[PDB]
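Labels run A, B, C, D, E and F following the written order; every chain starts at residue 1.
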Amino acid sequence: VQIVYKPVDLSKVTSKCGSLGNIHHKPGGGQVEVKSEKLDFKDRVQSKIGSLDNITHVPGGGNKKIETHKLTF
Amino acid sequence: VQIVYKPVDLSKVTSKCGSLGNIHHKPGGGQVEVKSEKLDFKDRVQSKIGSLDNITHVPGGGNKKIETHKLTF
Amino acid sequence: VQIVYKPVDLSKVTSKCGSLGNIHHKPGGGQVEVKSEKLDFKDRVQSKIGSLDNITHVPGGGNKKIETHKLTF
Amino acid sequence: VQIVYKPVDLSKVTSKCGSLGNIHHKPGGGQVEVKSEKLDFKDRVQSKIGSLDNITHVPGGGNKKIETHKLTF
Amino acid sequence: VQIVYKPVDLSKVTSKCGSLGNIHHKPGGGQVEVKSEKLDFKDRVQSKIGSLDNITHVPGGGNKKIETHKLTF
Amino acid sequence: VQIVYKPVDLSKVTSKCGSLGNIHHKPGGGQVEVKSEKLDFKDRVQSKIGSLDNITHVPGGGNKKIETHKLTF
């Protein structure tokens, strides 16, 4: 058995942007109110209240090349 | 058995943008109010209240090349 | 048995845009009010209230090339 | 007198090739025989016999840009 | 007199080759036989016999830009 | 008299090659025979016999940029 795994890649992932800007993200501008009375919990409680995990991602490129080469005998 | 795996890739994923901008994201501009009385929970509780996990993604490119080469003998 | 896997790719995925902008996203502008009284839960509770997981995605390109090359003997 | 020589060149000379090969050049494969008897030469003699100056030129690109910018006052 | 010589060059000369190869050059494979009897030369002789000055030229690119800027007052 | 020689060069001469190889040059594989009898020479003789000056040039690039900037007052 003779196996010759010789893939050739000369590819490009490219971006050109003259200017990038004037980006506004205002998550949670409104008031948050949580009133709790006489509540009962028998197991684990996870609670998130307010402004959490919000993202502003503005990469000049942000380009991705994902590649996988699997040879199984 | 003779196997010759020789794929050739000269591809391009390209983007050109003169200007990118004036982007506004206002998730949760309205008030959030949560009133709870005498409630009972016998098992696990996950609670998210307000403005969470909101995303503003403005990549100058944001281009993607995904590639997979599997050889199984 | 002789196998010659030799695909040739010279393809392009291209985008050109003069200007990209003046994008407005206002999810959850209206008031959210949640009243709960004497409720009973025998099993797990997941609760999301307000403005969650909203996305504003404005890539200058956003082009995708997805490729797969499987050889099974 | 005002002279403004401001030409803008953004040109491209591009070549893309998946594979280049299996090129065979066999000049002068046949027998060469030169029999000369009692010849007389009163002036200069230049002589080439056999297989001379043969060329195999296989550039992966071989692209050419020739440019000239002349201003005379 | 005002002379402004402000040319802008943003050019490219580009080659992309996946593979280059299997190139064969066999100049002068045939027998060469020169037989000379009683020849008379009264001036200069230049003689080349056999397999001379043959070229195999296989550049991965081989691309050229030739450029010339001249101002004469 | 005002002369402003301000040319701008941002050019590129580029080559990309996945693989370069399997190049064979066999100049003068055939037998060479030169038989001479009673020849007469009154001036200079230059003689080359066999396999001379053959070239195998295989540069990974081999790209050239030739440029000239002449200003004469």
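FYI, contacts are C-beta pairs under 8 Å (C-beta built on N, C-alpha and C of every residue); 3 or more make two chains touch, one makes a residue touch a chain.
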Inset, instruction - Report the chain pair from A-F, A-C or A-B that duplicates the B-C interface, where duplication means over half of the contact pairs agree by residue number. - result: A-B
Legend entry - Chain centre separation (chain D, chain F; CA means) in Å: 10
Inset, instruction - Measure off the straight-line distance from the CA centroid of chain D to the CA centroid of chain E, and report it in whole Å. - result: 5
Inset, instruction - For chain B and chain F, let me know how many angstrom lie between their CA-based centres, rounded off. - result: 56
Inset, instruction - Return the residues of chain A touching two or more other chains; collapse runs of consecutive numbers into ranges. - result: 7-10, 15, 17, 20, 22, 25, 27-28, 30, 32, 62-63
Inset, instruction - Name the graph shape formed by the protein chains and their touching pairs; answer line, ring, star, complete or other. - result: other
Legend entry - Contact footprint of chain A on chain E as seen in their complex: 16-19
Legend entry - For the chain E and chain F complex, residues of the former touching the latter: 1-73
Inset, instruction - Can you check the complex and tell me which residues of chain B touch chain E? - result: 8-10
Legend entry - chain C - residues contacting chain A, complex: 21, 28, 31, 50-51, 56, 59-61, 69
Legend entry - For the chain F and chain D complex, residues of the former touching the latter: 7, 15, 17, 20, 22, 25, 27-28, 30, 32, 62-63
